[PDB]
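Enquirer: Residue numbers (PDB author numbering), protein chains in the order written: chain B, 30 to 92; chain A, 30 to 92; chain B', 30 to 92; chain A', 30 to 92; chain A'', 30 to 92; chain B'', 30 to 92. A prime marks a further copy of an entry chain. Just so it is clear, CB atoms sit at the ideal spot from N, CA and C, and this is done for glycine as well.
There are 6 protein chains.
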Amino acid sequence: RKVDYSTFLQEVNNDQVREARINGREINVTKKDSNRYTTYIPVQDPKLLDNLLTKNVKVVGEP
Amino acid sequence: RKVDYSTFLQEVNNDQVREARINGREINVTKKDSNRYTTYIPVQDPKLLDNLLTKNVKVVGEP
Amino acid sequence: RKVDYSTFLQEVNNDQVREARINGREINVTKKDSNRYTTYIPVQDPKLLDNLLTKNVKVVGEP
Amino acid sequence: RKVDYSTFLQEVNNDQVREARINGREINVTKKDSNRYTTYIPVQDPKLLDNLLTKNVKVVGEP
Amino acid sequence: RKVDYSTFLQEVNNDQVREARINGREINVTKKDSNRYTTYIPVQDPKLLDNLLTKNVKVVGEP
Amino acid sequence: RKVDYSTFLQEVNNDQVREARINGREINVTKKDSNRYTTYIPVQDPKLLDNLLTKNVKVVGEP
Numbered sequence: 030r031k032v033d034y035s036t037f038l039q040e041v042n043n044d045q046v047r048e049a050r051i052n053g054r055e056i057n058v059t060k061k062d063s064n065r066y067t068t069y070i071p072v073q074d075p076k077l078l079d080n081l082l083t084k085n086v087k088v089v090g091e092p
Numbered sequence: 030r031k032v033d034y035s036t037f038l039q040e041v042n043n044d045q046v047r048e049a050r051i052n053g054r055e056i057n058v059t060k061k062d063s064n065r066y067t068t069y070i071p072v073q074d075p076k077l078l079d080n081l082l083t084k085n086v087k088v089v090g091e092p
Numbered sequence: 030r031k032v033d034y035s036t037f038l039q040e041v042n043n044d045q046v047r048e049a050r051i052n053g054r055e056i057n058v059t060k061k062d063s064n065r066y067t068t069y070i071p072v073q074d075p076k077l078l079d080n081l082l083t084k085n086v087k088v089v090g091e092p
Numbered sequence: 030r031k032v033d034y035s036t037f038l039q040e041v042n043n044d045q046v047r048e049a050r051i052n053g054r055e056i057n058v059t060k061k062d063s064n065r066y067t068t069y070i071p072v073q074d075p076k077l078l079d080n081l082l083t084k085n086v087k088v089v090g091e092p
Numbered sequence: 030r031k032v033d034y035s036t037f038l039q040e041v042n043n044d045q046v047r048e049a050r051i052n053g054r055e056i057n058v059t060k061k062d063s064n065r066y067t068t069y070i071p072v073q074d075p076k077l078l079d080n081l082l083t084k085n086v087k088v089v090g091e092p
Numbered sequence: 030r031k032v033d034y035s036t037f038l039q040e041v042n043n044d045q046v047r048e049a050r051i052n053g054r055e056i057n058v059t060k061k062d063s064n065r066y067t068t069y070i071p072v073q074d075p076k077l078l079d080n081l082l083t084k085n086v087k088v089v090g091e092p
């Protein structure tokens, strides 16, 4: 399932996000209700990481 | 249809924009009146995402 | 015809610039007096886009 | 052993980190208790270096 | 002739520089006394352009 | 001989550094006591150049 980046950030800051598996521009997201989806980073977002960390999201990268 | 980046940002600032499908420098735009056009990012714009999000534009990226 | 980047920015902020067709580092410029020339971005300039937009320059990118 | 980036930064902030061997996005980490693990940088983090240095972490890069 | 980047910036700051022909990391420099030399950008310098422009240096890029 | 980046910066700001020959991520360092070594930039460091220049370090780049 695919979700819009803006919606994803909305969920991040609405404290609904548990984990974010970032793979290049691809982010595999797990919600706090265990729902899983994939979203893509549209353009370089320097504010992304700090946003995830400030909202206590589990952040993971891939080989 | 193709539209200039500056004009596109103007429309973003006048809330005529519903969605922005960003694919590299190519942005496929859908207006609130359901109209379609294409604009290109001229140079890297760090303020782009912030602008789209502040104006509640649905932002989506592509694989 | 080719013009120095510094001169180009001078013209941009002296309100003499109508349009800027950016193609990578290549900028195709049209003056308000319809004179046309080409200038090149020497190094990455994060202040460029905002400068063009603040001076109401038509900004266009290429495929 | 592999550890999540956010958790890794948490440990950096709790001074449990002695060394950080950065190799691209791969960081080989040695804790103050001599423990070893690997973490990956999820997206470009401009605050990473500053964070490591503020917490007196030995930072090393590889050829 | 080759000159160190720091020294080059010093000359820029002492207004001994007339032109700076930037070609990637290579800068071909012409002093106000018509003298020629070459300097290389050591790492990406976001302050370079701003420095050249503040000191009224003619800045040019190459295809 | 190879030295940790953090240690290198420590030396830079302890005014022990005379010259820095940067070659990509590779920095060839000469101390004020004529000792020479090689260190590597671990991740992009935007604060590096300004740091070297503020501490009056000879900064040189390579072709």
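Once you ignore the five residues that flank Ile-70/A'' on each side, which residues in its own chain have a CB closer than 6 angstroms to its CB?
Expert: Within the fifth sequence, numbered from 1, the residue matching residue 70/A'' stands at position 41. Here the set comprises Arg-54.
Enquirer: Span of the beta strand (DSSP E) holding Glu-91/A?
Expert: Here residue 91/A is taken as the residue at index 62 of the second sequence, counted from 1. Run containing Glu-91/A: none; DSSP gives neither H nor E here.
Enquirer: Tell whether a beta-carbon distance below 8 angstroms holds between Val-88/B' and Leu-81/B'.
Expert: Position 59 of the third sequence, counted from the start, is the residue given in the question as residue 88/B'. Position 52 of the third sequence, counted from the start, is the residue given in the question as residue 81/B'. Yes.
Enquirer: Pick out whichever of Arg-65/A'', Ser-63/A'', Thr-83/A'' and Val-58/A'' has its Cα sitting closest to the Cα of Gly-90/A''.
Expert: Here residue 90/A'' corresponds to residue number 61 of the fifth sequence, with the count starting at 1. Of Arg-65/A'', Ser-63/A'', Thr-83/A'' and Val-58/A'', the residue nearest in Cα terms is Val-58/A''.
Enquirer: Run down chain B in chain order and give the residues with a C-beta less than 7 angstroms from the C-beta of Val-72/A'.
Expert: Counting from one through the fourth sequence, the residue named residue 72/A' turns up at place 43. Ordered by position in chain B, the residues that pass the 7 angstroms Cβ test against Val-72/A' are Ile-51, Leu-77 and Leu-78.
Enquirer: So for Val-72/A', helix, strand or coil by DSSP?
Expert: Looking up residue 72/A' in the fourth sequence gives position 43. Note: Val-72/A' maps to coil in three-state DSSP.
Enquirer: Along chain B'', in chain order, which residues have C-beta atoms closer than 8 angstroms to that of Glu-91/A'?
Expert: Here residue 91/A' refers to the residue found at position 62 when the fourth sequence is read from its first residue. Within 8 angstroms Cβ-Cβ: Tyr-69.
Enquirer: With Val-32/B' and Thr-83/B' assumed to form a contact (beta carbons below 8 angstroms), what rounded beta-carbon distance in angstroms separates them?
Expert: Residue 32/B' sits at position 3 when you count from the first residue of the third sequence. Residue 83/B' sits at position 54 when you count from the first residue of the third sequence. No, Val-32/B' and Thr-83/B' are not in contact; Cβ-Cβ is about 21 angstroms, not under 8 angstroms.
Enquirer: Of all the CB atoms in chain A, is at least one closer than 8 angstroms to the CB of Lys-87/B'?
Expert: As a working note, residue 87/B' is residue 58 in the third sequence. With 8 angstroms as the cut-off, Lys-87/B' counts as an interface residue toward chain A.
Enquirer: Reducing DSSP to helix, strand and coil, say where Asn-43/A' ends up.
Expert: In the fourth sequence, counting from the first residue as 1, residue 43/A' sits at position 14. In the three-state scheme derived from DSSP, where H, G and I count as helix and E and B as strand, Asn-43/A' is classed as coil.
Enquirer: Can you list, in chain order, the residues of its chain whose CB lies under 7 angstroms from that of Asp-44/B', leaving out five sequence neighbours each side?
Expert: As a position in the third sequence, residue 44/B' is number 15, starting the count at 1. Correct list, in chain order: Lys-84.
Enquirer: Using 8 angstroms as the threshold, is the C-beta distance between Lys-61/A and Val-46/A below it?
Expert: Locating residue 61/A in the second sequence gives position 32, counting from the first residue. Locating residue 46/A in the second sequence gives position 17, counting from the first residue. Yes, these two residues count as a Cβ contact at 8 angstroms.
Enquirer: Using a Cβ-Cβ distance under 8 angstroms, would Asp-33/A' count as near chain B?
Expert: In the fourth sequence, counting from the first residue as 1, residue 33/A' sits at position 4. Using a CB distance cut-off of 8 angstroms, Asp-33/A' counts as an interface residue toward chain B.
Enquirer: Hey, how far is the Cα of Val-86/B'' from the Cα of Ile-51/A''?
Expert: In the sixth sequence, the residue the question calls residue 86/B'' occupies position 57. In the fifth sequence, the residue the question calls residue 51/A'' occupies position 22. Computed Cα separation, rounded: 23 angstroms.
Enquirer: What are the partner residues of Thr-59/A, as DSSP defines its beta bridges?
Expert: If you number the second sequence from 1, residue 59/A lands on position 30. Bridge pairing for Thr-59/A: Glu-48/A and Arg-65/A [DSSP].
Enquirer: Looking at the C-beta of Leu-82/A'', does it have a partner C-beta in chain B' at a distance below 8 angstroms?
Expert: Translated into the one-based positions of the fifth sequence, residue 82/A'' becomes position 53. Output row for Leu-82/A'': interface = yes.
Enquirer: Could you spell out the range, first to last residue, of the alpha helix (DSSP H) harbouring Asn-80/B'?
Expert: For the purposes of this step, residue 80/B' is taken as residue 51 along the third sequence, with counting starting at 1. It spans 77-83 - the alpha helix (DSSP H) in which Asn-80/B' sits, taken as one unbroken run.
Enquirer: Can you list the residues of chain A'' that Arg-54/B' reaches, using a CB-CB cut of under 8 angstroms?
Expert: Here residue 54/B' refers to the residue found at position 25 when the third sequence is read from its first residue. By Cβ distance, chain A'' contributes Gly-90.
Enquirer: Taking the alpha-carbon of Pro-92/B' as reference, which of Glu-48/A, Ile-56/A and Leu-77/A has the nearest alpha-carbon?
Expert: Working through the third sequence from its first residue, we reach residue 92/B' at position 63. Ranking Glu-48/A, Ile-56/A and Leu-77/A by Cα distance to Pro-92/B' puts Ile-56/A first.
Enquirer: Please work out which residues of its chain come closer than 6 angstroms, Cβ to Cβ, to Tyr-66/B, disregarding the five sequence neighbours upstream and downstream, and give them in chain order.
Expert: Reading the first sequence from its first residue, position 37 is the one you call residue 66/B. Taken in chain order, the residues that qualify are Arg-30, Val-32 and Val-58.
Enquirer: In angstroms, rounded to a whole number, what distance separates the CA positions of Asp-79/B and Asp-74/A'?
Expert: The residue given as residue 79/B occupies position 50 in the first sequence. The residue given as residue 74/A' occupies position 45 in the fourth sequence. Taking the straight line from one Cα to the other gives about 9 angstroms.
Enquirer: Using a Cβ-Cβ cutoff of less than 7 angstroms, which residues in the same chain neighbour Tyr-34/B'' once the five nearest sequence positions on both sides are dropped?
Expert: For the purposes of this step, residue 34/B'' is identified with residue 5 of the sixth sequence, where counting begins at 1. Excluding positions up to five away in sequence, the list reads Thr-68, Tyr-69, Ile-70 and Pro-71.
Enquirer: Quick one: Cα of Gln-39/B' to Cα of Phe-37/A'', how far?
Expert: Taking the first residue of the third sequence as position 1, residue 39/B' is located at position 10. Taking the first residue of the fifth sequence as position 1, residue 37/A'' is located at position 8. Approximately 24 angstroms between the Cα atoms of the pair.
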